[PDB]
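Asks: Just passing along the structure, written as structure tokens.
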Amino acid sequence: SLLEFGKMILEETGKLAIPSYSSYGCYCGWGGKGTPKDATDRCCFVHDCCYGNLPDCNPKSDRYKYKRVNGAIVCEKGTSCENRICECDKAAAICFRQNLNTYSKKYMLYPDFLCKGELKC
Ligand SMILES: CCCC[C@H]1C(=O)N(c2ccccc2)N(c2ccc(O)cc2)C1=O
């Protein structure tokens, strides 16, 4: 669910998911068009695509369980959907962490009209 993904992001990057990643670029937050602006935006694009591979799951509300094994994120056994949602979130958190060095404030509150393009998953 969104609440856990948010905590996963905070633990991983030290940034509050809601500011930092809820209105960033073309794909972080709500998005469905254009070419990802940078690496972080690409993390969100791939994250959206990951959820897209799970048509019958509900990522926002379905809660999963995960633990930290010395920093490593380990998804615990749950329903099929819960397991797959957790893996999608884990990947996004790591991706955000790997690209913190290029995160830019100029992409925060990015205007919709500047997201022009076609990028298939
Ligand atoms: C702390 C969470 C950061 C997560 C980021 C995300 O993965 N989704 C997201 C992506 C796909 C399905 C559901 C939620 N949304 C998002 C949330 C609310 C909203 O009305 C629109 C988009 C996000 O902000």
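Simple scheme: letters A, B, ... for chains in structure tokens order, numbers from 1 for residues in each chain, numbers from 1 for ligands in the order shown.
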Using only C-alpha atoms and all ligand atoms, find each residue with an atom at most 7 Å away from ligand 1 and format the answer as a list in words.
Replies: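 Written in the requested form, the residues are residues 2, 3, 5, 6, 17, 18, 21, 22, 28, 29, 30, 47, 48, 51, 59 and 60 of chain A.
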Asks: Which neighbours of residue 105 (chain A) fall inside 9 Å, counting only C-alpha atoms, when residues of the same chain fewer than 2 positions from it are skipped, and could you give them as a PDB file with C-alpha atoms, in the first residue's frame?
Replies:
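What ended up in selection07.pdb:
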```pdb
ATOM      1  CA  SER A  20       9.833  14.671  -2.955  1.00  0.00           C
ATOM      2  CA  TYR A  24       8.309  14.965  -9.676  1.00  0.00           C
ATOM      3  CA  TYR A 103      17.670  14.379  -7.990  1.00  0.00           C
ATOM      4  CA  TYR A 107      11.595  18.842 -11.625  1.00  0.00           C
ATOM      5  CA  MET A 108       9.387  19.265  -8.558  1.00  0.00           C
ATOM      6  CA  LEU A 109       5.842  20.411  -9.418  1.00  0.00           C
TER       7      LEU A 109
END
```
Asks: Find the residues near residue 40 (chain A): any atom within 8 Å, counting only C-alpha atoms, skip ones fewer than 5 places away on the same chain, and give them as a compact mmCIF listing (two decimals) with C-alpha atoms, in the first residue's frame.
Replies:
```txt
# COMPACT_ATOMS: atom_id res chain seq x y z
CA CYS A 95 16.28 2.90 -7.84
CA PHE A 96 15.58 6.16 -5.97
CA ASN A 99 19.94 8.05 -8.25
CA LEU A 100 19.81 10.47 -5.32
CA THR A 102 20.95 13.54 -9.71
CA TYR A 103 17.67 14.38 -7.99
```
Asks: Can you list, as a PyMOL selection string, every protein, DNA or RNA residue that comes within 12 Å of residue 52 (chain A) when you count only C-alpha atoms, leaving out same-chain residues fewer than 6 positions away?
Replies: chain A and resi 32+45-46+58-59+84-85+88+120-121
Asks: Would you put the residues from that selection into a file with C-alpha atoms, as a short mmCIF file (atom, residue, chain, number, x, y, z; two decimals), in the first residue's frame?
Replies:
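The resulting file, selection.cif, is shown below:
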```cif
data_model
loop_
_atom_site.label_atom_id
_atom_site.label_comp_id
_atom_site.auth_asym_id
_atom_site.auth_seq_id
_atom_site.Cartn_x
_atom_site.Cartn_y
_atom_site.Cartn_z
CA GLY A 32 0.85 8.74 -17.96
CA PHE A 45 8.17 5.17 -15.02
CA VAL A 46 9.41 1.63 -14.45
CA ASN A 58 -4.57 -3.10 -5.92
CA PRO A 59 -1.18 -1.51 -5.01
CA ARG A 84 4.44 -8.81 -6.48
CA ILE A 85 3.50 -5.33 -5.25
CA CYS A 88 7.75 -3.49 -7.47
CA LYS A 120 5.94 2.06 -24.00
CA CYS A 121 6.65 -0.22 -21.05
#
```
Asks: A:104, A:70, A:13, A:80: which is nearest residue 41 (chain A), counting only C-alpha atoms?
Replies: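 Ranking A:104, A:70, A:13, A:80 by distance to residue 41 (chain A), first place goes to A:104.
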Asks: Taking only C-alpha atoms into account, which of A:98, A:71, A:36, A:63 comes nearest residue 83 (chain A)?
Replies: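 Among A:98, A:71, A:36, A:63, it is A:63 that comes nearest to residue 83 (chain A).
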Asks: Pick the closest to residue 39 (chain A) from A:92, A:81, A:9, A:16: which is it, counting only C-alpha atoms?
Replies: A:92
